[PDB]
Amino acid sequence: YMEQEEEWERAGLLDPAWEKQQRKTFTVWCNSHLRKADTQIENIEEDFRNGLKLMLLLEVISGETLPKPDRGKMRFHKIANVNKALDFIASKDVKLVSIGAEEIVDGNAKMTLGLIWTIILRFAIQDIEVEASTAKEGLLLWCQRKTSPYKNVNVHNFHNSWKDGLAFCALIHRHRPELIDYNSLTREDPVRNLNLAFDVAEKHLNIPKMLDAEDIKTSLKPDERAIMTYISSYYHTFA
């Protein structure tokens, strides 16, 4: 009973601020891959309902070919396409704990964001191996190692450790010192630091601006899934 709401709490999906952060961040992440297939989404709670761009997203990030999709106005075609997506994901050793094609075709916001996170996790994070840690803990360890020389960075988590922008700027500076005047930065202007990292990463590293500095600024504890999504692109660009 209320198993789904317990999982949604931990997913961040009951908090509307975290839901909004995931909606915005996940849309940019999906488009950072769909661009390679010359298309895009606009509204993540509408534009996957027929399964077509979901299947395409999975082909791009996996390099594999999925079965041919159906087309037709009628719902059962959309259900079939979403099920082809879900089958492909499950085939990569993913436990789809209560994600059904019907809710995706229905455009249920929480299930759709949960599904996109499942995809980000499996394909962008799960295989990360850093020392003896894997997946999310490996990604966090990478961040801790790469930012260890910076005295004004202390990465403990994927939320408030990232709020003042210095950790993002440090990750960039550690790989490319010529792009960031790191010593000029301080904790006093977090929005400046955040936007610096986001602008530099978009310009020089081809990493789109998945995070909104204003959403981070106003949150005492920003959404972990959104921040992990963005940092996963840092990881795969440098490592």
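Each residue number is its position in the shown sequence, starting from 1.
The question of which stretch, 5 to 13 or 19 to 27, has the higher mean Cα B factor is settled in favour of 5 to 13. Comparing the deposited coordinates for 195 to 203 and 53 to 61, the stretch with the larger average C-alpha B-factor is 53 to 61. Per the PDB entry, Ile41 shows the highest C-alpha temperature factor of the residues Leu211, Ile180, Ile41, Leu185.
Comparing the listed residues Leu141, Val153, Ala109, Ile119, the entry records the largest Cα B-factor for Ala109. When the modelled residues of the chain are ordered by C-alpha B-factor, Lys95 sits in the highest third. Among the modelled residues of the chain, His77 sits in the highest third by CA temperature factor in this PDB entry.
The PDB entry assigns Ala124 a C-alpha temperature factor belonging to the middle third of its chain's modelled residues.
Per the PDB record, residue ranking by Cα B-factor puts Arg71 in the highest third of the chain. In the deposited entry, the Cα temperature factor of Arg176 places it in the middle third of its chain's modelled residues.
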